[PDB]
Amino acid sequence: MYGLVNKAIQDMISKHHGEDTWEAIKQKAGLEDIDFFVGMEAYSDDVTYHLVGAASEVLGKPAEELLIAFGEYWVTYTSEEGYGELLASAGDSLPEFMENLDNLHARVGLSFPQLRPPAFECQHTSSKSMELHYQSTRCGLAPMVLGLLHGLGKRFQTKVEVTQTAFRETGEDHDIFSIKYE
């Protein structure tokens, strides 16, 4: 994944646990070769997996718990690191933002030529609810989606409930989330 993601994980950890813990995690991930992450450069996905793996061990939290926190964090972090306007242009309510998600990543795709974005499809069920379909070339990021969704609730001062109803891991085609909103 592009360095932007790894910088943000690094950032999240450092803001919450200081530079000491970060160097520990960096060490255990097998990444002391790397002085700093470069925002617009492509890294091996393994760099992120090893990062989440390490932070899990060092912090005593499960990976999935961290993916959830990171998901929330990403919504705030992107607006402060170059992407406020793009976010503002993706909608002024959660259901709208979700519809615009593939379009948003297309936009990002222009700056980031090697992007491997997720695909998201909304099937509405009422004015307060929807099925979100999440398809990816990567495994086990569904917990991140959950956090992103809550991050967006926080963004649009909107109450959301998110429940995964289908799991790649059980053998289903793709992850599906049922979502209810204010």
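One rule holds for the numbers: they count along the sequence shown, beginning at 1.
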Assert higher mean C-alpha B factor (64-72 or 31-39, deposited values) equals 31-39
The stretch carrying the higher mean Cα B factor in the deposited entry, 123-131 or 47-55, is 123-131
Of 118, 151, 113, 143, which one's C-alpha B factor is largest in the deposited record? 113
Which third of the chain does residue 170 land in by C-alpha B-factor: lowest, middle or highest? highest
Taking only the Cα B-factors deposited for this chain, tell me whether residue 21 sits in the lowest, middle or highest third. highest
Going by what the PDB entry lists, where does residue 14 fall on CA B-factor within its chain: lowest, middle or highest third? highest
